[PDB]
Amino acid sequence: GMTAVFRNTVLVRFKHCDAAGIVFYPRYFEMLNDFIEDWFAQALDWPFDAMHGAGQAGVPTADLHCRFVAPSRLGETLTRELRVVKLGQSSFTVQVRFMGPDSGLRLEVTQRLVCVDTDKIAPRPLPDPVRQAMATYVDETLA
């Protein structure tokens, strides 16, 4: 449909790979966080620097379900795509897919995050404009 997707690419690097030149799974999760960071800065107008600084806020992960479909290797460029599954006042759920350079699905992950005060930890609502911006990404078929 026309609900939004957020997309970008990531190069599989030497730092990401095991002795076989295949991606070590915790490293996918560094890739995933970088992608969420990007989405916040580019699409939601609430970059992590502002959020964790002046904002005294965070978006820690509550739940994460990841399926590793096919391996990725040193030197491949992967494409990352994000949709929003569910959006509350404080919590939000995204679905992220990583696809290889010939369009093969590499991993699919559904991730629930919660907006919190970091001084000290306690849930809080998302900023209104942020929640409004996320609403455009919502794919009602996903949940």
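Start at 1 and count along the sequence shown; that's the residue number.
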{"property": "Segment of higher mean CA temperature factor, 134-142 or 3-11", "result": "134-142"}
{"property": "Stretch exceeding the other in mean C-alpha B-factor - 120-128, 12-20", "result": "120-128"}
{"property": "Selection from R106, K86, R83, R80 [criterion: highest C-alpha temperature factor in the record]", "result": "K86"}
{"property": "Residue with maximal Cα B-factor (values as given in the PDB entry) among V114, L44, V94, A54", "result": "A54"}
{"property": "Modelled-residue ranking by C-alpha temperature factor, third containing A50", "result": "highest"}
{"property": "Third of chain Cα B-factors occupied by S90", "result": "highest"}
{"property": "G100 - which third its CA temperature factor falls in, relative to the rest of the chain", "result": "middle"}
{"property": "Third assignment of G75 from its chain's C-alpha B-factors", "result": "lowest"}
